[PDB]
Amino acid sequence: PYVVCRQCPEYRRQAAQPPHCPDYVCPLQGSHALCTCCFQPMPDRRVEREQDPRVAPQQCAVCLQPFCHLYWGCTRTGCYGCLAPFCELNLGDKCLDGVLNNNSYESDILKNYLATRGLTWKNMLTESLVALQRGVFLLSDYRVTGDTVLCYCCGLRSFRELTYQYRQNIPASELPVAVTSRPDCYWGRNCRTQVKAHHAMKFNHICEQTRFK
């Protein structure tokens, strides 16, 4: 496929098929990759970067897909900045929506907790990343740190796990009594019924699956 990117040489540009009517410069032997976020081609400089840390990262270190954001700035409605060190990743203004088990009732309790104290999702992440680094909190992508360079999606995923543990560590006396009165759901955090408003309001889902007595 003929590909022309922001950094392709002018002679390549003019040689493409015309439309229908009613510092770096890509070399000839070089290849392009499509940014996973915006689908725009960029020069594929990953191999070069393996022996040259001066080249900007072009992939998520968790999922290993390519992203253009650190390389030359990505732009798309919906993209907040799709590749960044975890501690600097922009998760967007609505990152707390359904942040707990995709459960808006549990999420809103948390939002209230934070709003009450003037805390932002940012302060909460910062505090969580401290616990993570000491081994107090854990991640499924267990080797991720605040310094890991990753994508919006992989960062969001670990942010949900960290946020869950943050919520878990809030004392029951710091939450409305309307919250702490609710009985634990037998099925705990992975309950499938909690996407229904009535069940979600009635039972607490910040807990683990009930096994024996």
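All residue numbers are counted from 1 along the displayed sequence.
Novice: Enter the number of deposited residues without atomic coordinates between residue 22 and residue 23, binned as none, 1 to 3, 4 to 9, or 10 or more.
Specialist: Missing residues, residue 22 to residue 23: 10 or more.
Novice: Taking the recorded C-alpha temperature factors, which stretch has the higher mean, 66-74 or 45-53?
Specialist: Result: 45-53.
Novice: So which stretch wins on mean C-alpha B-factor, 174-182 or 24-32?
Specialist: Per the PDB entry, the higher value belongs to 24-32.
Novice: Sort 193, 14, 204, 190 by C-alpha B-factor from the entry and give me just the highest.
Specialist: Comparing C-alpha B-factors across 193, 14, 204, 190, the maximum falls on 14.
Novice: Which third, lowest, middle or highest, does the CA B-factor of residue 88 fall in along this chain?
Specialist: It belongs to the highest third of the chain when residues are ordered by C-alpha B-factor.
Novice: Among all modelled residues of this chain, ranked by Cα B factor, put residue 138 in the bottom, middle or top third, i.e. lowest, middle or highest.
Specialist: Its C-alpha B-factor belongs to the highest third of this chain's values.
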